Every structure is written in structure tokens, then in C-alpha cells.
>>> print(open('data_28.csv').read())   # CSV, C-alpha atoms
chain,number,residue,atom,x,y,z
A,17,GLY,CA,24.0,2.0,-16.3
A,18,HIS,CA,25.0,2.6,-12.7
A,19,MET,CA,24.4,0.1,-9.9
A,20,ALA,CA,22.0,2.2,-8.0
A,21,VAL,CA,18.5,0.8,-7.6
A,22,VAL,CA,16.7,3.3,-5.7
A,23,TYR,CA,13.1,2.4,-6.0
A,24,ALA,CA,10.5,4.4,-7.7
A,25,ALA,CA,7.0,3.4,-8.6
A,26,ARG,CA,5.6,4.0,-12.0
A,27,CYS,CA,2.5,2.9,-13.8
A,28,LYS,CA,3.0,2.5,-17.6
A,29,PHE,CA,0.2,2.6,-20.1
A,30,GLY,CA,0.9,0.6,-23.2
A,31,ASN,CA,4.1,2.3,-24.2
A,32,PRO,CA,7.5,0.6,-23.2
A,33,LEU,CA,9.1,2.4,-20.3
A,34,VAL,CA,6.5,5.1,-20.7
A,35,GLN,CA,4.8,6.0,-17.4
A,36,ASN,CA,1.6,7.9,-17.5
A,37,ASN,CA,2.3,10.6,-15.0
A,38,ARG,CA,-1.2,11.8,-14.7
A,39,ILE,CA,-2.7,8.4,-13.8
A,40,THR,CA,0.4,7.4,-11.8
A,41,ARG,CA,0.0,10.7,-9.7
A,42,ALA,CA,-3.7,9.8,-9.2
A,43,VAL,CA,-2.9,6.1,-8.3
A,44,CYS,CA,-0.1,7.1,-5.9
A,45,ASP,CA,-2.5,9.5,-4.2
A,46,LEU,CA,-5.1,6.9,-3.8
A,47,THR,CA,-2.4,4.5,-2.6
A,48,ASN,CA,-1.1,6.9,-0.1
A,49,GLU,CA,-4.6,7.7,1.1
A,50,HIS,CA,-5.2,4.0,1.9
A,51,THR,CA,-1.8,3.3,3.3
A,52,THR,CA,-1.1,6.6,5.0
A,53,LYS,CA,-0.1,4.9,8.3
A,54,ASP,CA,2.1,2.5,6.4
A,55,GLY,CA,4.2,5.0,4.7
A,56,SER,CA,4.2,8.4,3.3
A,57,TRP,CA,4.0,7.9,-0.4
A,58,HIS,CA,4.6,10.9,-2.6
A,59,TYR,CA,4.7,11.6,-6.3
A,60,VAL,CA,7.6,13.4,-7.7
A,61,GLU,CA,8.0,14.6,-11.3
A,62,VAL,CA,8.9,12.2,-14.2
A,63,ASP,CA,12.6,12.3,-13.5
A,64,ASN,CA,12.1,10.8,-10.1
A,65,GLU,CA,8.6,9.2,-10.3
A,66,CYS,CA,6.5,8.0,-7.4
A,67,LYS,CA,8.5,7.7,-4.3
A,68,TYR,CA,7.6,5.6,-1.3
A,69,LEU,CA,9.0,7.3,1.8
A,70,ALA,CA,12.5,8.0,0.7
A,71,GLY,CA,12.3,5.8,-2.4
A,72,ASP,CA,12.2,2.5,-0.7
A,73,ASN,CA,11.1,-0.8,-2.2
A,74,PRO,CA,7.2,-0.5,-2.3
A,75,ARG,CA,6.8,-4.2,-3.2
A,76,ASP,CA,7.2,-5.1,0.4
A,77,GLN,CA,4.5,-2.8,1.6
A,78,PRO,CA,0.7,-3.2,1.3
A,79,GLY,CA,0.8,0.2,-0.5
A,80,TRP,CA,2.2,-1.5,-3.5
A,81,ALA,CA,-0.7,-3.9,-3.5
A,82,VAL,CA,-3.0,-0.9,-3.5
A,83,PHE,CA,-1.0,0.7,-6.4
A,84,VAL,CA,-1.3,-2.6,-8.3
A,85,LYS,CA,-5.1,-2.9,-7.6
A,86,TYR,CA,-5.6,0.6,-9.1
A,87,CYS,CA,-3.2,0.2,-12.0
A,88,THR,CA,-4.7,-3.1,-13.1
A,89,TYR,CA,-8.2,-1.5,-12.9
A,90,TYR,CA,-6.9,1.5,-14.9
A,91,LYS,CA,-5.2,-0.9,-17.3
A,92,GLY,CA,-1.7,0.1,-16.6
A,93,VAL,CA,1.4,-1.8,-15.8
A,94,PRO,CA,2.7,-1.1,-12.3
A,95,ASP,CA,6.5,-1.2,-11.9
A,96,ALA,CA,8.9,-0.6,-9.2
>>> encode(input="data_28.csv", output="C-alpha cells")
Amino acid sequence: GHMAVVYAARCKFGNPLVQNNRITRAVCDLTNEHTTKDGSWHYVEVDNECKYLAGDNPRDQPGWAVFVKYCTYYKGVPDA
């Protein structure tokens, strides 16, 4: 590949490297809702995925913990 690791959040459901865009859109919304004042999180279509601010590393932010709490509950695998 190319050494460009611009972060994007995705929540996969079962299938390898297969994000569920519907649930991820919902999870990212909920995440953004909770962590609005932390960072503007926004969902972008399946080429670009869920972007945190400009596509920064979400793991650092509490928003990621929110994304995780919802993905686990929804039985999905949160990646970023």
C-alpha cells in the first residue's frame, strides 16, 4: 500500500474488513452526540468512513470509547 495512515473509524459486523455503514453511521452519530465538545465527528461514505475532525486518531479521544461502547453493545468490531 501507501504509507498514509489517515484515521477513519469503522465498525465491522462479522465480515473481514466489512464495515456496516448503517450501524457505523448510527454509532458515529451517537458518539458525536456525546462527545460534541470534544470533537466534531462526522460520517463520510464507505470510501472515507467515519472521520473524527479531519480524520485524526480517535483512539486518543473519549469519543472512541463511546464508539466502542456502542459497537460492543451492537456486536460489532470497532476499528480505527
>>> closest_residue(input="data_28.csv", among="A:58, A:86, A:51, A:34", to="residue 72 of chain A", atoms="all atoms listed in the file")
A:58
>>> closest_residue(input="data_28.csv", among="A:36, A:20, A:48, A:41", to="residue 79 of chain A", atoms="all atoms listed in the file")
A:48
>>> residues_around(input="data_28.csv", residues="residue 85 of chain A", least_positions_apart="3", cutoff="12 Å", atoms="only C-alpha atoms", output="ChimeraX atom specification")
/A:27,43-44,46-47,50,78-82,88-94
>>> atom_distance(input="data_28.csv", atom1="atom CA of residue 66 of chain A", atom2="atom CA of residue 30 of chain A")
18.3 Å
>>> residues_near_point(input="data_28.csv", point="(11.1, 1.2, -4.8)", cutoff="8 Å", atoms="all atoms listed in the file", output="list in words")
residues 21, 22, 23, 24, 25, 67, 68, 71, 72, 73, 74, 75 and 96 of chain A
>>> closest_residue(input="data_28.csv", among="A:60, A:54, A:32, A:19", to="residue 76 of chain A", atoms="only C-alpha atoms")
A:54
>>> atom_distance(input="data_28.csv", atom1="atom CA of residue 69 of chain A", atom2="atom CA of residue 55 of chain A")
6.1 Å
>>> closest_residue(input="data_28.csv", among="A:77, A:18, A:40, A:35", to="residue 52 of chain A", atoms="all atoms listed in the file")
A:77
>>> atom_distance(input="data_28.csv", atom1="atom CA of residue 37 of chain A", atom2="atom CA of residue 56 of chain A")
18.5 Å
>>> closest_residue(input="data_28.csv", among="A:70, A:39, A:62, A:33", to="residue 83 of chain A", atoms="all atoms listed in the file")
A:39
